[PDB]
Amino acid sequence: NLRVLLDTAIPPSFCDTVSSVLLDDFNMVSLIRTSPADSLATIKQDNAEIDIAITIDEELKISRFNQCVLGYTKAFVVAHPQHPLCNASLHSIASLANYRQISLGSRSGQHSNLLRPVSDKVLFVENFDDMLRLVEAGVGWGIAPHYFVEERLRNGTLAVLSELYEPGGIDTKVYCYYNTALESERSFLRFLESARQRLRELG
């Protein structure tokens, strides 16, 4: 009845904040997970009949969807503590373009400017687990959401490279792509107001 896409980069804390708020107003609610790389490809399918996508991916205008900002999350670029680039010097960070990147693939094969790989040496996976497996074994480096990485960092098994590029981790906006229909529906503006307010309570 109300279909909702949540990409894999959205912390599960955000996913309970949304579900909780939506259930106040809506009777039937469906929650679908996607790779960030497949999130916008999915809502562009009319048959998929998504009503709301919460995703990190951005495009300037999709046909029947408006865009707004729900909040902010932090990606880090990570590699094996004894990776070529372990020192994390600006030179190291410049060289990311030359060392093998572990990137999320996409059904369509295409990628947004925001999400495509920065490296020529690229090896695709389907999710951030497949990614962080290949990375603890040093096959490459990858960008992954904070919540996927916090453990393996204090567990010494992974190291951050991003800090000299963007201290505190790479800020990424969480977009809300909503069917135009839902503008001027108190139920949705209520979802938006609450979801946001409760993620300023998180942040």
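Don't overthink the numbering: it's just position in the shown sequence, from 1.
Higher mean CA temperature factor between 68 to 76 and 116 to 124: 116 to 124, per the PDB entry. When the mean C-alpha temperature factors of 152 to 160 and 31 to 39 are read from the deposited coordinates, 152 to 160 comes out higher. Split the chain's modelled residues into thirds by C-alpha temperature factor. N1 is in the middle one.
For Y177, the recorded CA temperature factor ranks within the lowest third of the chain's modelled residues. For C15, the recorded CA B-factor ranks within the highest third of the chain. Only modelled residues enter the ranking. When all modelled residues of the chain are sorted by CA temperature factor, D46 is found within the highest third.
Per the PDB record, residue ranking by Cα B-factor puts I54 in the lowest third of the chain.
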